[PDB]
Structure formats: C-alpha cells, structure tokens
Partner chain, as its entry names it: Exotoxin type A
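Next up: a single chain in structure tokens, the form deposited without the partner chain.
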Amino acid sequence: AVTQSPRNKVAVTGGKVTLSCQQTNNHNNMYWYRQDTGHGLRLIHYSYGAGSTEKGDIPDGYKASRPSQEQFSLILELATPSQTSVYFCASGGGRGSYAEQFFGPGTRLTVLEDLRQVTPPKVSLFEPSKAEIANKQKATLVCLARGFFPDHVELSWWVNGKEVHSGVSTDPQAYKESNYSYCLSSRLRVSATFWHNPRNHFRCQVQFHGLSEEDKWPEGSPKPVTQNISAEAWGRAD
C-alpha cells in the first residue's frame, strides 16, 4: 500500500507545509506529483533510494526528503497560491514507467490568503420538472451543495440509511460559482414508485474538510467546526 498524510489541508500563504507518503511495498523508487485541473500529472521530485532525491519536471518551490525506504516527504517552505493542487505520491518502478507504479489516494492542498475564508456548504434537495424538457425526467432528486470554500468535499447519497452508488450522478468537480465560493450538484434516480412511498428516506450528505487539528483560528470569531452536512426528505404519496 501507499498512504498519504494529510488527505486534506488548508494553509495560509507563506506558511510551511509537509506532505508525507508512506509505502509498505518495499519499493526503491518513490515519486511526488501534482495534478492541476486542466493540466496533466506532473512530477515534482522523485527518489531512487533511501537518503537520496532527484528533481523531477517542476521542482521549483518544493523540497523533498527520503529519510528511510518507506517514507517520502514533500516540503513547501513558503506556500503560495500557485501550489494549490491535488498531490499524488507513488512507489515503484521507473520514472515514466507507470505500469510499475502504485499511486497513493491523493492530497488536496489549498493555500489561501486567510483562514477566515473557510466556509462549509449549504446543502439542499429539489425535485426537477419533467415539464421543462421534451426528453425524460432529469433524475428523481437533485442535491445542491453551494457557498463552500475551499473545495475539499465528498458527496454521498443514502436511502433508508444505507449508502448508495447506483442511480447516482454527481458533478465530476466543484464549479467556482464566484471568487471564494463553490457549487456541487448530484442527481439521484429511483423508481417513481419508490419516491412515492412516504416510508422511504433520502439523505444527501456532504463531508466538509476545513480546518485541521493543527490549525490555529485567528481570534475574533467563533471557529467553524462543521464536518458533515446533510439534507433529507421522505417519500411523497402515489
């Protein structure tokens, strides 16, 4: 396995950030990459072995350290907005030989001007109108998450208390509705029959990752501590 810590992080410009990657594959090579929405997966730094590191394609503003065979760290001495990205660690084989690499789950790192910019979402449920289009339905229910910042969210659906995976259609990425606000929508489809059973329960849940343990909230306001937001509705009669 390949693991990353933290999985999500907000940093203020000029702060120091350390991203650690641990592997249990006893591989000699490790890699740190970033993936920018639009751009490809680019290599920052890599390592051929415990104790050594090499510059990849875009090393500027990053340092790397390989203190043991298992660990590969990425260090951002003075974080800049331009370092906002999704970071991926990998272990394995040769540089560019992707068939031989095993990737970590990724880490979302957002470098912001001020922590007070962190805002959890508003989550709501709506029923789409079939009246509006000549073609079929528009999904049973629509879940809308908006006004949140940064975009470190996970949306899931739950019917009668069990998470669902089928009949779900979530926006692939959050849309920047404004300067420091995002929007995310998802559609759920169930049998009209099912939706008209008032015994059925639907829940749209959004996991929000804001401040971490190690983040000091500037005094003046109460600290936002919200982690999970949910919007629920029961079926309608048939």
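Numbering follows the first chain given and starts at 1. What we label the rigid core is the largest C-alpha set whose atoms superpose within 1.5 Å from one form to the other. Only residues modelled in both forms are compared.
Separately, the form deposited with the partner chain bound exists; it is not shown, and the next lines address it.
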| query | finding |
| --- | --- |
| Proximity of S52 to the partner chain in the entry with it bound, heavy atoms at 4.5 Å | yes |
| Partner proximity in the entry with it bound: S186 to the partner chain, non-hydrogen atom cutoff 4.5 Å | no |
| Partner proximity in the entry with it bound: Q69 to the partner chain, non-hydrogen atom cutoff 4.5 Å | yes |
| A64: touches the partner chain in the entry with it bound, heavy atom cutoff 4.5 angstroms | yes |
| CA of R146, rigid core aligned, shift of 2 Å or more between this form and the one not shown | no |
| Large Cα move at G15 between this form and the one not shown, threshold 2 Å, rigid core | no |
| Direction of C-alpha distance change in the entry with it bound, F194 to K138 (at least 3 Å) | closer |
| Outcome for the Cα pair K138, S191 in the entry with it bound, compared with this form (closer or farther; change of 3 Å or more) | closer |
| Rigid-core superposition between this form and the one not shown, with residue runs of at least 3 whose C-alphas all shift by 2 Å or more | 93-96, 127-139, 224-226 |
